[PDB]
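A short write-up of the structure that comes next.
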Protein chains: 2
Amino acid sequence: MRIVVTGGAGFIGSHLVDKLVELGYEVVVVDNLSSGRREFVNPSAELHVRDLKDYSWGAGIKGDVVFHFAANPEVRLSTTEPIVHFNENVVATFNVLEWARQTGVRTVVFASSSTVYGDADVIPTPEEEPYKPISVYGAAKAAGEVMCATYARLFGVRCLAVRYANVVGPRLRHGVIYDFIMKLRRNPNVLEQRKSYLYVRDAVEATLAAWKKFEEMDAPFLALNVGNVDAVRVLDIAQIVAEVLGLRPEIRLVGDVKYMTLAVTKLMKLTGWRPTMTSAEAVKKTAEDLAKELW
Amino acid sequence: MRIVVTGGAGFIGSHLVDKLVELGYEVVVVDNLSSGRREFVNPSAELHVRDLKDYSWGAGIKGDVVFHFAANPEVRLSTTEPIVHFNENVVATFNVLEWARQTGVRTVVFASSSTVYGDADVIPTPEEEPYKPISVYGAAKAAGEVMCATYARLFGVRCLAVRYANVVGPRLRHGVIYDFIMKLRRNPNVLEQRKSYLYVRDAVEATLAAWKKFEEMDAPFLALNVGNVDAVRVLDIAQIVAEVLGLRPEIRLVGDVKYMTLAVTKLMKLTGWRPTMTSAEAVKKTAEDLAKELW
Ligand SMILES: NC(=O)c1ccc[n+]([C@@H]2O[C@H](COP(=O)([O-])OP(=O)(O)OC[C@H]3O[C@@H](n4cnc5c(N)ncnc54)[C@H](O)[C@@H]3O)[C@@H](O)[C@H]2O)c1
Ligand SMILES: NC(=O)c1ccc[n+]([C@@H]2O[C@H](COP(=O)([O-])OP(=O)(O)OC[C@H]3O[C@@H](n4cnc5c(N)ncnc54)[C@H](O)[C@@H]3O)[C@@H](O)[C@H]2O)c1
């Protein structure tokens with residue numbers, strides 16, 4: 001079948017595309033290359049440079065299923081104008097849903113985020129917890145979810161919403177690991193929250209496993225958390241990154257959720273999926289990957 | 001203080017403006033006159049014809065509190081293009097929130113809808129029930145709520161979200177009562193769901209009473225149902241309208257929520273408010289009001 005992957009030129013998207021290609025799917029990538037790169041696009045995938053903010057972004061693009069992973073990266077949320085978060089998330093997602101409805105797309109796999117929970121009262125956070133986002137980005141993802149669920153109930157466009165915790169691995173050009181490497185690259189002698197980290201390989205496997213199970217279900221909409229079972233502190237990451245680079249710098253402490261960890265009991269019970277690496281191991285591996293890419 | 005009322009030229013909005021003016025507030029009306037009318041605007045209010053779909057709709061407009069009631073009317077939801085519902089509700093609301101944030105507005109009174117509940121499992125429906133909209137309009141209102149709550153928690157722009165059931169009264173130019181009158185006006189001999197109806201007078205009083213109590217609270221966000229305690233069936237309304245017009249026509253049965261009734265226990269307990277008319281009485285009065293306006 002034909003699979004459309006928005007944001008397929010980005011971090012998670014490019015890795016998702018690679019696995020879909022390995023599985024034999026005909027993959028169509030749609031990306032405006034704002035944060036993604038052509039070098040990350042699998043040679044077997046068909047790239048279409050379009051901007052999801054445009055209502056007619058999908059003109060001439062056909063697919064049976066769409067993995068909507070396009071959006072501005074989830075980082076430095078307080079430094080980006082609210083309108084940007086709104087347009088790149090809420091408007092883009094609505095345009096994807098309208099395209100899906102009008103073209104007869106049967107399934108929408110929406111890349112959501114733990115930010116929809118904001119500062120959750122329960123951690124690990126179960127899917128049952130309500131929307132309490134503290135950032136515009138988180139509100140935008142939550143709004144995207146509401147619209148997706150409605151299109152599923154009203155137009156039959158089924159949707160699996162994947163609420164990702166922190167995902168890390170090769171090709172990553174944003175996030176705490178990236179920032180630390182670039183800082184040490186600036187000054188290896190000096191280096192200026194507890195969250196769950198999942199290696200991109202595990203994240204992609206979990207996502208595809210959930211999608212398969214979802215396609216074997218009849219529920220119009222389903223939200224599922226995707227992340228590791230443990231978590232690591234900022235200072236731990238800083239330590240790991242330094243060791244990988246063989247450095248011993250001085251740590252200098254100079255709407256962002258402080259603590260985050262999603263409960264993945266539903267995912268594991270539904271698919272039998274299990275993480276292959278702990279948060280600390282995923283961070284270490286990623287640092288080694290990015291070292292060859294950035295150092 | 002200065003009070004901004006978007007959609008103040010419409011049904012609920014014009015009546016809200018009238019009461020605010022009677023209370024002594026300096027009212028500023030912002031309306032694009034798409035469904036509202038200049039004849040409904042109180043002489044003491046300052047009218048500004050702007051389109052909320054424009055990011056800079058509020059340039060030069062200042063206010064301490066904003067009653068955001070602007071939006072396309074909640075009717076014939078399946079006949080209007082999804083993009084229209086999205087733009088007039090989600091985009092418009094976001095632009096109102098950004099304006100409120102950038103201008104220092106302290107309170108946003110958002111006109112929400114029972115449609116955010118969709119086909120609720122519990123009826124009367126308590127505020128605790130989750131978002132399960134079955135129409136694009138309902139998803140748009142729910143998304144508006146999520147954004148409002150986030151702006152309250154993040155930027156301090158406090159918001160009271162009023163989930164209205166069906167409101168009826170003078171100046172109404174849409175809805176079942178209006179449609180029935182126009183049909184009988186077309187042919188008084190022939191006339192081609194159970195919901196709660198509240199006379200606009202009661203709706204405005206409840207809204208203002210809730211706002212006052214909300215301003216005496218410290219909670220960033222609050223959602224409150226506003227509607228009658230009872231309900232009436234479509235055939236009952238048809239009967240009432242006919243009697244008012246002194247007619248005896250033949251009833252011919254030829255994403256819309258089928259059954260709706262909101263629990264108003266929170267509202268009554270918080271403000272001591274009580275409806276002055278039953279659903280059937282509100283419908284009868286409205287028919288008498290519209291008779292003089294349309295017949
Ligand atoms: N830890 C994580 O990486 C993480 C966590 C939570 C949620 N997510 C979600 O996963 C998805 C991918 O995130 P990522 O980390 O890979 O970020 P990324 O920036 O690497 O990937 C996003 C892709 O979307 C593309 N894009 C952005 N706006 C577009 C537009 N208007 N039109 C077309 N393409 C557009 C970007 O160019 C990029 O290629 C996003 O929805 C993100 O919210 C990621
Ligand atoms: N039973 C009801 O009347 C009911 C039920 C549930 C919710 N509501 C909500 O109450 C509010 C008012 O509803 P109403 O029944 O009075 O409908 P209405 O159409 O009479 O009033 C809406 C007003 O908003 C104005 N408007 C629309 N789009 C605009 C834009 N882009 N820029 C500026 N102004 C714009 C319209 O011209 C109109 O004057 C809406 O938010 C509606 O969703 C009403």
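Proteins come first, then strands; the chains are lettered A, B, ... in the order of their sequence lines, and each starts at number 1. In what follows, every heavy atom counts, from backbone to side chain, and hydrogens, waters and symmetry copies are set aside. Atoms within a ligand are numbered from 1 in the order they appear, just like the ligands themselves.
Ligand 1 does not have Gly8(A) within reach: every non-hydrogen atom of the residue lies 4.0 Å or more from it. At least one heavy atom of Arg50(A) sits closer than 4.0 Å to an atom of ligand 1. Heavy atoms of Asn166(A) come nearer than 4.0 angstrom to ligand 1 in at least one pair. At a 4.0 Å cut-off, not a single heavy atom of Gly175(A) sits close enough to ligand 1 to count as contact.
Contacts between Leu33(B) and ligand 2 below 4.0 angstrom, taking non-hydrogen atoms only, involve the backbone exclusively.
The closest non-hydrogen atom to atom 21 (O) of ligand 1, taken over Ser34(A), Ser196(A), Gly13(A), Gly10(A), comes from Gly10(A). Comparing heavy-atom distances from atom 24 (O) of ligand 2 across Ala70(B), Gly169(B), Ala92(B) singles out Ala70(B) as nearest. Among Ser35(B), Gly227(B), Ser112(B), the residue whose heavy atom sits closest to atom 7 (C) of ligand 2 is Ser112(B). Distances from atom 29 (C) of ligand 1 to the heavy atoms of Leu16(A), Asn32(A), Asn72(A) show the closest one on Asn32(A). Closest heavy-atom approach to atom 43 (O) of ligand 2 within the set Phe69(B), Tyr137(B), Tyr164(B): this belongs to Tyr137(B).
Close contacts of ligand 2 with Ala165(B), meaning ligand atoms under 4.0 Å from a residue heavy atom, involve 1 (N), 5 (C), 6 (C). Listed by number with element, the atoms of ligand 2 under 4.0 angstrom from any heavy atom of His174(B) are 14 (P), 15 (O), 17 (O), 18 (P), 19 (O), 20 (O). Less than 4.0 angstrom separates some heavy atom of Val167(B) from each of these atoms of ligand 2: 1 (N), 2 (C), 3 (O). Within ligand 2, counting atoms from 1 as listed, the ones closer than 4.0 Å to a heavy atom of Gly7(B) are 23 (C), 24 (O), 25 (C), 39 (O). Near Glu74(B), with a cut-off below 4.0 Å to any heavy atom, the atoms of ligand 2 are 5 (C), 6 (C), 7 (C). Residue contact check: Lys141(B) has heavy atoms under 4.0 Å from atoms 40 (C), 41 (O), 43 (O) of ligand 2.
Residue-to-ligand polar distances keep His68(B) apart from ligand 2: every N/O pair is separated by 3.5 Å or more. At least one N/O-N/O distance between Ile12(A) and ligand 1 falls below 3.5 Å.
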